[PDB]
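Here's my_file15.tsv, which has TSV, C-alpha atoms and all ligand atoms:
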chain	number	residue	atom	x	y	z
A	1	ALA	CA	124.29	-27.09	51.48
A	2	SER	CA	121.19	-28.61	50.04
A	3	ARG	CA	121.21	-32.02	51.79
A	4	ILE	CA	121.79	-33.38	55.32
A	5	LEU	CA	123.42	-36.70	56.18
A	6	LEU	CA	121.19	-39.36	57.78
A	7	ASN	CA	122.35	-42.18	60.01
A	8	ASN	CA	121.98	-44.65	57.12
A	9	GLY	CA	124.62	-42.84	55.03
A	10	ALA	CA	122.09	-41.26	52.67
A	11	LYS	CA	121.64	-37.54	52.05
A	12	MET	CA	118.22	-35.94	52.51
A	13	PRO	CA	117.26	-32.69	50.76
A	14	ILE	CA	116.59	-30.04	53.39
A	15	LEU	CA	113.76	-28.52	51.37
A	16	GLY	CA	110.85	-30.74	50.29
A	17	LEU	CA	107.32	-30.35	49.00
A	18	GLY	CA	104.38	-31.09	51.32
A	19	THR	CA	101.30	-32.82	49.98
A	20	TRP	CA	98.72	-32.84	52.82
A	21	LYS	CA	95.47	-31.32	51.47
A	22	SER	CA	96.88	-31.18	47.94
A	23	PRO	CA	93.77	-32.35	46.04
A	24	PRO	CA	94.29	-35.25	43.66
A	25	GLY	CA	92.82	-33.01	40.94
A	26	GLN	CA	95.73	-30.60	41.46
A	27	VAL	CA	98.69	-32.46	43.00
A	28	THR	CA	100.05	-34.05	39.82
A	29	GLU	CA	100.67	-30.62	38.34
A	30	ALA	CA	102.15	-29.44	41.64
A	31	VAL	CA	104.69	-32.18	41.78
A	32	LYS	CA	105.60	-31.77	38.10
A	33	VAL	CA	106.30	-28.07	38.58
A	34	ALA	CA	108.15	-28.72	41.89
A	35	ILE	CA	110.47	-31.16	40.13
A	36	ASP	CA	111.04	-28.72	37.22
A	37	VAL	CA	112.07	-25.92	39.60
A	38	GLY	CA	114.40	-28.07	41.70
A	39	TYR	CA	112.59	-29.95	44.40
A	40	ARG	CA	113.93	-33.45	44.92
A	41	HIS	CA	112.19	-34.34	48.20
A	42	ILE	CA	108.45	-34.98	48.33
A	43	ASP	CA	106.64	-35.65	51.63
A	44	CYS	CA	103.70	-38.04	51.21
A	45	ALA	CA	101.32	-40.12	53.24
A	46	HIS	CA	98.73	-42.85	52.61
A	47	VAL	CA	96.22	-40.88	54.67
A	48	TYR	CA	96.55	-37.89	52.32
A	49	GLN	CA	94.63	-39.95	49.70
A	50	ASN	CA	96.66	-38.55	46.78
A	51	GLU	CA	99.67	-40.87	46.52
A	52	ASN	CA	98.47	-42.24	43.20
A	53	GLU	CA	98.48	-38.71	41.71
A	54	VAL	CA	101.88	-37.94	43.24
A	55	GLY	CA	103.11	-41.14	41.67
A	56	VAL	CA	101.74	-40.09	38.25
A	57	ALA	CA	103.83	-36.92	38.40
A	58	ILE	CA	107.00	-38.72	39.40
A	59	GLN	CA	106.59	-41.38	36.76
A	60	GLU	CA	106.11	-38.78	34.11
A	61	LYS	CA	109.19	-36.71	34.96
A	62	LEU	CA	111.17	-39.93	35.06
A	63	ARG	CA	109.78	-40.68	31.58
A	64	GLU	CA	110.63	-37.19	30.38
A	65	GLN	CA	114.26	-37.72	31.51
A	66	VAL	CA	114.06	-34.68	33.81
A	67	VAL	CA	115.29	-36.52	36.92
A	68	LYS	CA	116.65	-39.94	37.86
A	69	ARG	CA	115.09	-42.06	40.64
A	70	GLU	CA	118.35	-41.89	42.65
A	71	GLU	CA	118.13	-38.12	42.71
A	72	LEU	CA	114.69	-38.13	44.31
A	73	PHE	CA	114.01	-38.47	48.06
A	74	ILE	CA	110.48	-39.82	48.55
A	75	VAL	CA	108.99	-39.97	52.04
A	76	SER	CA	105.79	-41.62	53.09
A	77	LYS	CA	104.16	-42.59	56.41
A	78	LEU	CA	102.48	-45.59	58.02
A	79	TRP	CA	98.93	-44.58	59.05
A	80	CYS	CA	97.59	-45.17	62.60
A	81	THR	CA	95.22	-47.98	61.62
A	82	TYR	CA	98.12	-50.12	60.41
A	83	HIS	CA	100.32	-50.35	63.55
A	84	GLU	CA	99.78	-54.09	64.04
A	85	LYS	CA	102.95	-55.99	63.02
A	86	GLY	CA	100.90	-58.08	60.55
A	87	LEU	CA	99.65	-54.98	58.75
A	88	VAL	CA	102.80	-52.91	58.30
A	89	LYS	CA	104.24	-54.51	55.18
A	90	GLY	CA	100.94	-54.42	53.28
A	91	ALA	CA	100.56	-50.73	54.21
A	92	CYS	CA	104.01	-49.93	52.88
A	93	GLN	CA	103.42	-51.93	49.72
A	94	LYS	CA	100.16	-50.12	49.05
A	95	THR	CA	102.06	-46.83	49.27
A	96	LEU	CA	104.78	-48.16	46.97
A	97	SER	CA	102.14	-49.37	44.47
A	98	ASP	CA	100.28	-46.06	44.51
A	99	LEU	CA	103.48	-44.06	44.13
A	100	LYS	CA	104.65	-46.47	41.37
A	101	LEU	CA	107.95	-46.93	43.22
A	102	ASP	CA	110.06	-49.92	44.18
A	103	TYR	CA	111.47	-48.30	47.34
A	104	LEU	CA	110.90	-45.34	49.61
A	105	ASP	CA	113.84	-43.18	50.76
A	106	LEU	CA	112.21	-42.76	54.20
A	107	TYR	CA	109.17	-44.32	55.83
A	108	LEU	CA	107.83	-42.83	59.03
A	109	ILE	CA	105.44	-43.98	61.77
A	110	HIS	CA	102.99	-41.14	61.17
A	111	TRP	CA	101.78	-40.84	64.79
A	112	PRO	CA	102.73	-42.83	67.93
A	113	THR	CA	99.03	-43.67	68.42
A	114	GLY	CA	97.67	-46.87	66.97
A	115	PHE	CA	94.00	-46.90	65.95
A	116	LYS	CA	91.56	-49.75	65.53
A	117	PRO	CA	92.19	-51.46	62.22
A	118	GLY	CA	89.52	-51.03	59.53
A	119	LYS	CA	88.58	-48.95	56.50
A	120	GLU	CA	88.00	-45.73	58.50
A	121	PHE	CA	91.09	-43.55	59.01
A	122	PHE	CA	89.80	-42.05	62.25
A	123	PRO	CA	87.53	-44.63	63.86
A	124	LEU	CA	85.51	-42.96	66.60
A	125	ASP	CA	83.15	-44.40	69.15
A	126	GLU	CA	79.58	-43.11	69.37
A	127	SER	CA	80.81	-40.36	71.66
A	128	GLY	CA	83.63	-38.98	69.47
A	129	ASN	CA	86.66	-40.60	71.18
A	130	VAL	CA	89.22	-42.31	68.87
A	131	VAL	CA	89.12	-46.11	69.13
A	132	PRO	CA	92.67	-47.23	69.88
A	133	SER	CA	94.36	-50.44	68.87
A	134	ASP	CA	96.28	-52.73	71.24
A	135	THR	CA	99.58	-51.88	69.66
A	136	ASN	CA	102.73	-50.34	71.15
A	137	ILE	CA	105.57	-48.25	69.78
A	138	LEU	CA	108.25	-50.95	70.13
A	139	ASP	CA	106.47	-53.70	68.20
A	140	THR	CA	105.49	-51.23	65.47
A	141	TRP	CA	109.14	-50.11	65.30
A	142	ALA	CA	110.29	-53.74	64.94
A	143	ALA	CA	107.92	-54.07	61.98
A	144	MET	CA	109.36	-50.93	60.39
A	145	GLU	CA	112.85	-52.42	60.80
A	146	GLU	CA	111.76	-55.40	58.74
A	147	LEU	CA	110.94	-53.05	55.83
A	148	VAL	CA	114.58	-51.97	55.72
A	149	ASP	CA	115.83	-55.52	55.86
A	150	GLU	CA	113.56	-56.47	52.91
A	151	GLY	CA	114.67	-53.53	50.78
A	152	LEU	CA	111.31	-51.78	50.64
A	153	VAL	CA	112.62	-48.66	52.37
A	154	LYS	CA	116.10	-47.17	52.75
A	155	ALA	CA	115.50	-45.45	56.10
A	156	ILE	CA	112.86	-45.45	58.82
A	157	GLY	CA	111.85	-42.76	61.25
A	158	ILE	CA	109.02	-41.40	63.37
A	159	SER	CA	106.69	-38.40	63.44
A	160	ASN	CA	104.98	-36.59	66.31
A	161	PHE	CA	106.97	-38.58	68.89
A	162	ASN	CA	107.81	-36.82	72.18
A	163	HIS	CA	111.30	-37.24	73.60
A	164	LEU	CA	110.27	-40.05	75.98
A	165	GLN	CA	108.70	-41.94	73.02
A	166	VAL	CA	111.87	-41.45	71.00
A	167	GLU	CA	113.88	-42.67	74.02
A	168	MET	CA	111.73	-45.82	74.14
A	169	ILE	CA	112.86	-46.82	70.69
A	170	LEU	CA	116.46	-45.81	71.33
A	171	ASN	CA	116.60	-47.96	74.45
A	172	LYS	CA	114.81	-50.88	72.87
A	173	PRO	CA	116.48	-54.24	73.53
A	174	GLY	CA	117.80	-55.66	70.26
A	175	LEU	CA	117.28	-52.39	68.37
A	176	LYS	CA	118.29	-52.90	64.73
A	177	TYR	CA	117.98	-49.42	63.24
A	178	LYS	CA	117.86	-46.10	65.07
A	179	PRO	CA	115.22	-43.68	63.77
A	180	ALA	CA	116.78	-41.50	61.13
A	181	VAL	CA	114.22	-38.68	61.37
A	182	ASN	CA	111.55	-37.27	63.71
A	183	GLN	CA	109.11	-35.17	61.71
A	184	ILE	CA	107.38	-32.66	63.99
A	185	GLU	CA	105.39	-29.46	63.76
A	186	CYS	CA	107.74	-26.51	63.98
A	187	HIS	CA	107.37	-22.76	63.21
A	188	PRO	CA	107.81	-19.41	65.05
A	189	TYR	CA	104.71	-20.12	67.21
A	190	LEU	CA	105.91	-23.64	68.13
A	191	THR	CA	109.68	-23.48	68.13
A	192	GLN	CA	110.37	-26.91	69.70
A	193	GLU	CA	113.67	-25.91	71.34
A	194	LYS	CA	113.84	-28.84	73.78
A	195	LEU	CA	112.72	-31.58	71.43
A	196	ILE	CA	115.07	-30.34	68.65
A	197	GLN	CA	117.94	-30.26	71.11
A	198	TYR	CA	117.10	-33.76	72.23
A	199	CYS	CA	116.79	-35.18	68.72
A	200	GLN	CA	119.93	-33.47	67.37
A	201	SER	CA	121.89	-34.68	70.44
A	202	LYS	CA	120.88	-38.28	69.46
A	203	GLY	CA	121.85	-37.89	65.78
A	204	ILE	CA	118.22	-37.87	64.68
A	205	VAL	CA	117.42	-35.32	61.94
A	206	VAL	CA	114.38	-33.16	62.53
A	207	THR	CA	111.90	-32.28	59.78
A	208	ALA	CA	109.71	-29.24	60.44
A	209	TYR	CA	106.11	-29.55	59.19
A	210	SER	CA	103.49	-26.85	58.79
A	211	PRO	CA	106.25	-24.23	58.61
A	212	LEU	CA	103.80	-21.63	57.24
A	213	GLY	CA	101.27	-22.36	60.00
A	214	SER	CA	99.01	-24.45	57.71
A	215	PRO	CA	96.47	-21.74	56.89
A	216	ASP	CA	94.46	-24.40	54.98
A	217	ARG	CA	94.12	-26.72	57.98
A	218	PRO	CA	90.46	-27.84	58.06
A	219	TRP	CA	89.81	-26.84	61.70
A	220	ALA	CA	91.11	-23.28	61.48
A	221	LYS	CA	89.29	-20.63	63.54
A	222	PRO	CA	89.36	-16.93	62.76
A	223	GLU	CA	90.71	-16.13	66.21
A	224	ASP	CA	93.78	-18.29	65.60
A	225	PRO	CA	97.22	-16.80	65.20
A	226	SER	CA	98.29	-16.48	61.57
A	227	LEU	CA	102.00	-16.68	60.73
A	228	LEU	CA	101.79	-15.58	57.12
A	229	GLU	CA	99.78	-12.49	58.17
A	230	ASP	CA	101.96	-11.64	61.19
A	231	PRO	CA	103.14	-8.02	60.66
A	232	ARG	CA	106.36	-8.68	62.64
A	233	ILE	CA	107.36	-11.43	60.27
A	234	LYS	CA	106.29	-9.36	57.27
A	235	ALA	CA	108.66	-6.65	58.44
A	236	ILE	CA	111.61	-9.10	58.56
A	237	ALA	CA	110.62	-10.28	55.08
A	238	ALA	CA	110.49	-6.74	53.65
A	239	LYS	CA	113.94	-6.01	55.14
A	240	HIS	CA	115.32	-8.86	53.01
A	241	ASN	CA	113.09	-8.16	49.95
A	242	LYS	CA	111.74	-11.69	50.37
A	243	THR	CA	108.19	-12.90	51.07
A	244	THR	CA	106.90	-13.92	54.53
A	245	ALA	CA	106.75	-17.52	53.26
A	246	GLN	CA	110.39	-17.38	52.25
A	247	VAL	CA	111.43	-16.15	55.67
A	248	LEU	CA	109.32	-18.90	57.29
A	249	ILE	CA	111.06	-21.58	55.14
A	250	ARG	CA	114.57	-20.15	55.63
A	251	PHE	CA	114.09	-20.01	59.41
A	252	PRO	CA	114.15	-23.81	60.06
A	253	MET	CA	116.91	-24.29	57.48
A	254	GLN	CA	119.17	-22.13	59.66
A	255	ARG	CA	118.43	-24.40	62.63
A	256	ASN	CA	119.79	-27.46	60.72
A	257	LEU	CA	116.24	-28.69	60.14
A	258	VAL	CA	114.59	-30.16	57.03
A	259	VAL	CA	111.43	-28.22	56.05
A	260	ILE	CA	108.50	-29.28	53.85
A	261	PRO	CA	106.22	-26.39	52.89
A	262	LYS	CA	103.11	-27.38	50.95
A	263	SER	CA	101.63	-25.64	47.92
A	264	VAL	CA	99.64	-26.62	44.83
A	265	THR	CA	99.94	-23.14	43.34
A	266	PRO	CA	102.71	-23.14	40.69
A	267	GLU	CA	103.77	-19.53	41.49
A	268	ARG	CA	104.18	-20.34	45.17
A	269	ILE	CA	105.91	-23.69	44.56
A	270	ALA	CA	108.58	-21.78	42.64
A	271	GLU	CA	108.64	-18.90	45.24
A	272	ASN	CA	109.11	-21.27	48.15
A	273	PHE	CA	112.21	-22.90	46.68
A	274	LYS	CA	114.01	-19.57	46.24
A	275	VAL	CA	115.43	-19.59	49.76
A	276	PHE	CA	119.07	-20.45	49.09
A	277	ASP	CA	120.16	-16.93	48.13
A	278	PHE	CA	119.73	-15.05	51.42
A	279	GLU	CA	120.47	-15.41	55.12
A	280	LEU	CA	118.47	-14.43	58.19
A	281	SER	CA	120.65	-12.45	60.64
A	282	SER	CA	121.37	-13.52	64.19
A	283	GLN	CA	118.89	-10.89	65.27
A	284	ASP	CA	116.24	-12.17	62.86
A	285	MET	CA	116.67	-15.71	64.21
A	286	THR	CA	116.45	-14.55	67.83
A	287	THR	CA	113.39	-12.45	66.96
A	288	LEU	CA	111.60	-15.34	65.27
A	289	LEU	CA	112.39	-17.77	68.10
A	290	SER	CA	110.97	-15.19	70.53
A	291	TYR	CA	107.49	-15.59	68.98
A	292	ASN	CA	106.98	-19.06	70.45
A	293	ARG	CA	103.62	-19.64	72.09
A	294	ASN	CA	103.45	-23.43	72.03
A	295	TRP	CA	100.58	-23.20	69.50
A	296	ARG	CA	99.84	-26.37	67.49
A	297	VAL	CA	98.15	-26.83	64.11
A	298	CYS	CA	98.11	-30.58	64.63
A	299	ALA	CA	96.70	-31.92	67.88
A	300	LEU	CA	93.36	-33.73	67.73
A	301	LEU	CA	91.19	-33.39	70.81
A	302	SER	CA	89.75	-36.79	69.86
A	303	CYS	CA	93.01	-38.58	70.67
A	304	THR	CA	93.86	-36.92	73.98
A	305	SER	CA	92.97	-40.02	76.09
A	306	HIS	CA	94.98	-42.42	73.89
A	307	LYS	CA	97.69	-44.10	75.97
A	308	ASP	CA	100.27	-42.89	73.47
A	309	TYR	CA	99.01	-39.33	72.93
A	310	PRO	CA	102.25	-37.44	72.47
A	311	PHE	CA	101.54	-33.95	73.73
A	312	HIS	CA	100.80	-34.41	77.42
A	313	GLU	CA	104.60	-34.36	77.98
A	314	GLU	CA	106.37	-31.00	78.02
A	315	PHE	CA	108.45	-32.20	75.07
A	401	LIG	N1	103.76	-35.66	60.00
A	401	LIG	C1	102.52	-35.20	60.21
A	401	LIG	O1	101.75	-35.37	61.15
A	401	LIG	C2	102.26	-33.93	59.36
A	401	LIG	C3	101.26	-33.00	59.79
A	401	LIG	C4	101.02	-31.83	59.03
A	401	LIG	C5	101.78	-31.60	57.88
A	401	LIG	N2	102.75	-32.56	57.49
A	401	LIG	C6	103.52	-32.38	56.18
A	401	LIG	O2	103.97	-31.00	56.19
A	401	LIG	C7	103.52	-30.33	54.96
A	401	LIG	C8	103.48	-28.82	55.21
A	401	LIG	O3	102.49	-28.55	56.29
A	401	LIG	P1	100.98	-28.05	55.97
A	401	LIG	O4	100.54	-28.63	54.68
A	401	LIG	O5	100.22	-28.31	57.25
A	401	LIG	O6	101.08	-26.45	55.87
A	401	LIG	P2	102.11	-25.31	55.43
A	401	LIG	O7	103.12	-25.87	54.50
A	401	LIG	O8	102.55	-24.65	56.69
A	401	LIG	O9	101.10	-24.32	54.76
A	401	LIG	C9	100.46	-24.71	53.54
A	401	LIG	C10	99.44	-23.59	53.17
A	401	LIG	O10	100.17	-22.44	52.83
A	401	LIG	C11	99.84	-21.95	51.57
A	401	LIG	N3	101.00	-21.43	50.90
A	401	LIG	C12	102.11	-22.07	50.41
A	401	LIG	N4	103.07	-21.30	49.95
A	401	LIG	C13	102.58	-20.03	50.17
A	401	LIG	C14	103.21	-18.80	49.83
A	401	LIG	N5	104.40	-18.62	49.29
A	401	LIG	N6	102.44	-17.64	50.15
A	401	LIG	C15	101.19	-17.80	50.75
A	401	LIG	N7	100.58	-18.98	51.05
A	401	LIG	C16	101.32	-20.12	50.73
A	401	LIG	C17	99.27	-23.15	50.85
A	401	LIG	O11	98.34	-22.79	49.83
A	401	LIG	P3	98.25	-23.41	48.32
A	401	LIG	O12	98.68	-24.85	48.42
A	401	LIG	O13	96.79	-23.21	48.00
A	401	LIG	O14	99.23	-22.57	47.45
A	401	LIG	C18	98.53	-23.91	51.95
A	401	LIG	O15	97.25	-23.37	52.20
A	401	LIG	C19	102.18	-31.05	54.69
A	401	LIG	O16	101.63	-30.84	53.41
A	401	LIG	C20	102.64	-32.51	54.95
A	401	LIG	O17	103.39	-32.95	53.84
A	401	LIG	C21	103.04	-33.72	58.19
A	402	LIG	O1	97.84	-36.36	58.74
A	402	LIG	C1	98.57	-35.37	58.70
A	402	LIG	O2	99.87	-35.44	58.44
A	402	LIG	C2	97.99	-34.01	58.98
A	402	LIG	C3	96.58	-34.17	59.58
A	402	LIG	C4	96.45	-34.47	61.04
A	402	LIG	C5	96.26	-33.66	62.06
A	402	LIG	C6	96.19	-34.34	63.36
A	402	LIG	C7	96.33	-35.68	63.25
A	402	LIG	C8	96.44	-36.71	64.36
A	402	LIG	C9	96.43	-38.08	64.07
A	402	LIG	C10	96.55	-39.00	65.10
A	402	LIG	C11	96.68	-38.64	66.44
A	402	LIG	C12	96.69	-37.26	66.71
A	402	LIG	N1	96.92	-36.83	68.01
A	402	LIG	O3	97.24	-37.68	68.88
A	402	LIG	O4	96.77	-35.60	68.14
A	402	LIG	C13	96.57	-36.31	65.69
A	402	LIG	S1	96.57	-36.17	61.55
In structure tokens, write the structure found in this file.
Ligand SMILES: NC(=O)c1ccc[n+]([C@@H]2O[C@H](COP(=O)([O-])OP(=O)(O)OC[C@H]3O[C@@H](n4cnc5c(N)ncnc54)[C@H](OP(=O)(O)O)[C@@H]3O)[C@@H](O)[C@H]2O)c1
Ligand SMILES: O=C(O)CCc1ccc(-c2cccc([N+](=O)[O-])c2)s1
Amino acid sequence: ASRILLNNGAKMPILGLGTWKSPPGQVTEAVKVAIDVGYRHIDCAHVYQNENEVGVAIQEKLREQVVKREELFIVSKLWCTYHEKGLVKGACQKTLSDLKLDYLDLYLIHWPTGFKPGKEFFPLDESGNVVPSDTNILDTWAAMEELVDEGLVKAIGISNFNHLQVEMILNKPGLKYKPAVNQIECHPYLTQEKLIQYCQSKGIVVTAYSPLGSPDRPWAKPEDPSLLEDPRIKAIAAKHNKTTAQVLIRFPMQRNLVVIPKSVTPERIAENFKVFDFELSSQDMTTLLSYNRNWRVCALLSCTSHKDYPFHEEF
């Protein structure tokens, strides 16, 4: 099955296309090809600075009569500098304007950490620490709720929230909408067993980001573990006559996760979608889960003293 049921009654495609670090000079073509070969879910964000070019691609394939709006599942995220209640709607509407859409299927709080409002995406003080804002998770959530009630977004969710931060929203007095989704980093080196259990036990769908280990992440170091180059995973891939990337995308699908691999290379965009014709064995799944090392692609040292930094908690 290609889609999973959210708590708002809508169905979310379990395979989507990532767009972080897809350059605007290349992302329009990426999205066009993705839609041609079957993708219906695109993961976006204002901070990725390419939503206009994503929107160009979508508008065109709508104009070519390739897909209908209703068939697409478009996700975007509220950036950290817009957590103030007064700023949330304008942030969403800028995303809608850039994407040339009149609604989003899902809008996420990108990180639990609010940052000082201003033009800079990562405002730092003279010593490198992020400058926080005096915002909290619950008031930001309340502002997200308003986006649903105004018809700008069909579903709201969170990203990079630890289980206590999710619990805060769940237990919120006067809660109007539960989060539909928690989008978190998840791959064989960061398997997230406890947070997935927690989220699934609350009827929150989990989306796995950086499923290939984000080899293009800008702070990569040579010493770092490399999933796509891991000979153990290559050996499971060769057993199935599939690529390592295909095994890494199939793995979260078999854990009832959504997964959003990124590529701007047309060959790979097509490759990565061809994951519905094979199954990883029980042994393969156990093997892959065994590779956990609690290794994160996305954790900025610059935010570790923020009151809402998510990764001090075990999960
Ligand atoms: N919520 C958040 O905080 C958050 C954080 C990180 C990521 N995300 C979302 O998750 C998406 C996926 O994560 P990611 O972008 O970090 O990394 P990823 O999907 O794990 O890895 C992307 C990298 O893998 C390469 N690649 C793709 N398919 C390949 C294949 N078949 N064989 C070999 N290499 C391949 C890509 O290269 P080319 O593109 O050059 O082909 C790119 O360098 C992001 O784009 C974003 O949408 C969300
Ligand atoms: O933006 C993306 O989706 C991928 C790019 C990023 C990587 C780390 C990011 C981050 C932002 C705020 C706070 C923290 N934190 O508390 O660790 C991390 S953003």
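Counting from CA of residue 77 (chain A), the distance to CA of residue 7 (chain A) is 18.5 Å.
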Query - Surroundings of ligand LIG 402 (chain A) up to 10 Å, based on all atoms listed in the file, as a PyMOL selection string - result: chain A and resi 18-21+43-48+77+79-81+110-115+121-122+130+159-161+183-185+209-210+214+217-219+296-312
Residues from last step as file, C-alpha atoms, as an mmCIF file, keeping the file's coordinate frame:
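Dumped to again19.cif:
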data_model
loop_
_atom_site.group_PDB
_atom_site.id
_atom_site.type_symbol
_atom_site.label_atom_id
_atom_site.label_comp_id
_atom_site.auth_asym_id
_atom_site.auth_seq_id
_atom_site.Cartn_x
_atom_site.Cartn_y
_atom_site.Cartn_z
ATOM 1 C CA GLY A 18 104.380 -31.090 51.320
ATOM 2 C CA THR A 19 101.300 -32.820 49.980
ATOM 3 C CA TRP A 20 98.720 -32.840 52.820
ATOM 4 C CA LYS A 21 95.470 -31.320 51.470
ATOM 5 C CA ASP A 43 106.640 -35.650 51.630
ATOM 6 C CA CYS A 44 103.700 -38.040 51.210
ATOM 7 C CA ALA A 45 101.320 -40.120 53.240
ATOM 8 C CA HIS A 46 98.730 -42.850 52.610
ATOM 9 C CA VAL A 47 96.220 -40.880 54.670
ATOM 10 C CA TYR A 48 96.550 -37.890 52.320
ATOM 11 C CA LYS A 77 104.160 -42.590 56.410
ATOM 12 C CA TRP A 79 98.930 -44.580 59.050
ATOM 13 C CA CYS A 80 97.590 -45.170 62.600
ATOM 14 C CA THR A 81 95.220 -47.980 61.620
ATOM 15 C CA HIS A 110 102.990 -41.140 61.170
ATOM 16 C CA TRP A 111 101.780 -40.840 64.790
ATOM 17 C CA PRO A 112 102.730 -42.830 67.930
ATOM 18 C CA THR A 113 99.030 -43.670 68.420
ATOM 19 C CA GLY A 114 97.670 -46.870 66.970
ATOM 20 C CA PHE A 115 94.000 -46.900 65.950
ATOM 21 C CA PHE A 121 91.090 -43.550 59.010
ATOM 22 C CA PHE A 122 89.800 -42.050 62.250
ATOM 23 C CA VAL A 130 89.220 -42.310 68.870
ATOM 24 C CA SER A 159 106.690 -38.400 63.440
ATOM 25 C CA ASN A 160 104.980 -36.590 66.310
ATOM 26 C CA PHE A 161 106.970 -38.580 68.890
ATOM 27 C CA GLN A 183 109.110 -35.170 61.710
ATOM 28 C CA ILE A 184 107.380 -32.660 63.990
ATOM 29 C CA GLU A 185 105.390 -29.460 63.760
ATOM 30 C CA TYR A 209 106.110 -29.550 59.190
ATOM 31 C CA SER A 210 103.490 -26.850 58.790
ATOM 32 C CA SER A 214 99.010 -24.450 57.710
ATOM 33 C CA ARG A 217 94.120 -26.720 57.980
ATOM 34 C CA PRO A 218 90.460 -27.840 58.060
ATOM 35 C CA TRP A 219 89.810 -26.840 61.700
ATOM 36 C CA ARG A 296 99.840 -26.370 67.490
ATOM 37 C CA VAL A 297 98.150 -26.830 64.110
ATOM 38 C CA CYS A 298 98.110 -30.580 64.630
ATOM 39 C CA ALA A 299 96.700 -31.920 67.880
ATOM 40 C CA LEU A 300 93.360 -33.730 67.730
ATOM 41 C CA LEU A 301 91.190 -33.390 70.810
ATOM 42 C CA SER A 302 89.750 -36.790 69.860
ATOM 43 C CA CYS A 303 93.010 -38.580 70.670
ATOM 44 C CA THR A 304 93.860 -36.920 73.980
ATOM 45 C CA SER A 305 92.970 -40.020 76.090
ATOM 46 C CA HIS A 306 94.980 -42.420 73.890
ATOM 47 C CA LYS A 307 97.690 -44.100 75.970
ATOM 48 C CA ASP A 308 100.270 -42.890 73.470
ATOM 49 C CA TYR A 309 99.010 -39.330 72.930
ATOM 50 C CA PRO A 310 102.250 -37.440 72.470
ATOM 51 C CA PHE A 311 101.540 -33.950 73.730
ATOM 52 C CA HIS A 312 100.800 -34.410 77.420
#
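Using all atoms listed in the file for every distance, the candidate list A:188, A:266, A:179, A:117 yields A:266 as the residue closest to ligand LIG 401 (chain A).
Nearest to ligand LIG 401 (chain A) of all the residues A:178, A:242, A:40, A:83 is A:242, counting only C-alpha atoms and all ligand atoms.
Shortest atom-to-atom contact with ligand LIG 401 (chain A) among A:200, A:95, A:22, A:49: A:22, counting all atoms listed in the file.
Separating CA of residue 277 (chain A) from CA of residue 235 (chain A) is a distance of 18.6 Å.
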Query raised in the report: With all atoms listed in the file as the atoms that count, which of A:32, A:3, A:187, A:68 lies nearest to ligand LIG 401 (chain A)?
Result: A:187
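Going from CA of residue 196 (chain A) to CA of residue 229 (chain A) covers 25.7 Å.
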Query - Residues near residue 147 (chain A), cut-off 9 Å, all atoms listed in the file, skip fewer than 3 positions along chain, as an MDAnalysis selection string - result: chainID A and resid 88:89 92 107 143:144 150:156
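With distances taken over only C-alpha atoms, A:205 is the one residue among A:66, A:205, A:87, A:128 lying closest to residue 10 (chain A).
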Requested in this report: May I have the protein, DNA and RNA residues with an atom at most 12 Å from (117.1, -11.5, 62.5), counting all atoms listed in the file in the file's coordinates, returned as an MDAnalysis selection string?
Outcome: chainID A and resid 232:233 235:237 239:240 247:248 250:251 254 278:290
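The nearest approach to ligand LIG 401 (chain A) among the residues A:58, A:12, A:175, A:249, with only C-alpha atoms and all ligand atoms taken into account, belongs to A:249.
When the distance limit is 6 Å and only C-alpha atoms are what count, the residues near residue 158 (chain A), minus those fewer than 3 positions from it on the same chain, are residues 108, 109 and 182 of chain A.
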Mind dumping the selected residues with C-alpha atoms as a PDB file, in the coordinates of the input?
ATOM      1  CA  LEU A 108     107.830 -42.830  59.030  1.00  0.00           C
ATOM      2  CA  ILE A 109     105.440 -43.980  61.770  1.00  0.00           C
ATOM      3  CA  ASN A 182     111.550 -37.270  63.710  1.00  0.00           C
TER       4      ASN A 182
END
Report as a tab-separated table (two decimals) with C-alpha atoms, in the frame of the given file all protein, DNA and RNA residues lying within 12 Å of residue 60 (chain A), evaluated on all atoms listed in the file, omitting residues in the same chain fewer than 3 positions from it.
chain	number	residue	atom	x	y	z
A	28	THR	CA	100.05	-34.05	39.82
A	29	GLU	CA	100.67	-30.62	38.34
A	31	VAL	CA	104.69	-32.18	41.78
A	32	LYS	CA	105.60	-31.77	38.10
A	33	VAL	CA	106.30	-28.07	38.58
A	35	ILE	CA	110.47	-31.16	40.13
A	36	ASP	CA	111.04	-28.72	37.22
A	53	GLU	CA	98.48	-38.71	41.71
A	54	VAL	CA	101.88	-37.94	43.24
A	55	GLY	CA	103.11	-41.14	41.67
A	56	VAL	CA	101.74	-40.09	38.25
A	57	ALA	CA	103.83	-36.92	38.40
A	63	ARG	CA	109.78	-40.68	31.58
A	64	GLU	CA	110.63	-37.19	30.38
A	65	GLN	CA	114.26	-37.72	31.51
A	66	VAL	CA	114.06	-34.68	33.81
A	67	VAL	CA	115.29	-36.52	36.92
A	68	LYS	CA	116.65	-39.94	37.86
A	69	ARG	CA	115.09	-42.06	40.64
A	99	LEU	CA	103.48	-44.06	44.13
A	100	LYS	CA	104.65	-46.47	41.37
Report task. Would you kindly return, as a list in words, each protein, DNA or RNA residue with an atom no farther than 6 Å from any atom of residue 116 (chain A), considering all atoms listed in the file and excluding same-chain residues fewer than 6 positions away? Result -> residues 81, 131, 132 and 133 of chain A
Query raised in the report: Neighbours of residue 294 (chain A) within 8 Å (only C-alpha atoms; same-chain residues fewer than 3 positions away dropped), as a PyMOL selection string?
Result: chain A and resi 189-191
Grab the residues selected above and save them as a PDB file, in the coordinates of the input with C-alpha atoms.
ATOM      1  CA  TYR A 189     104.710 -20.120  67.210  1.00  0.00           C
ATOM      2  CA  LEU A 190     105.910 -23.640  68.130  1.00  0.00           C
ATOM      3  CA  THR A 191     109.680 -23.480  68.130  1.00  0.00           C
TER       4      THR A 191
END
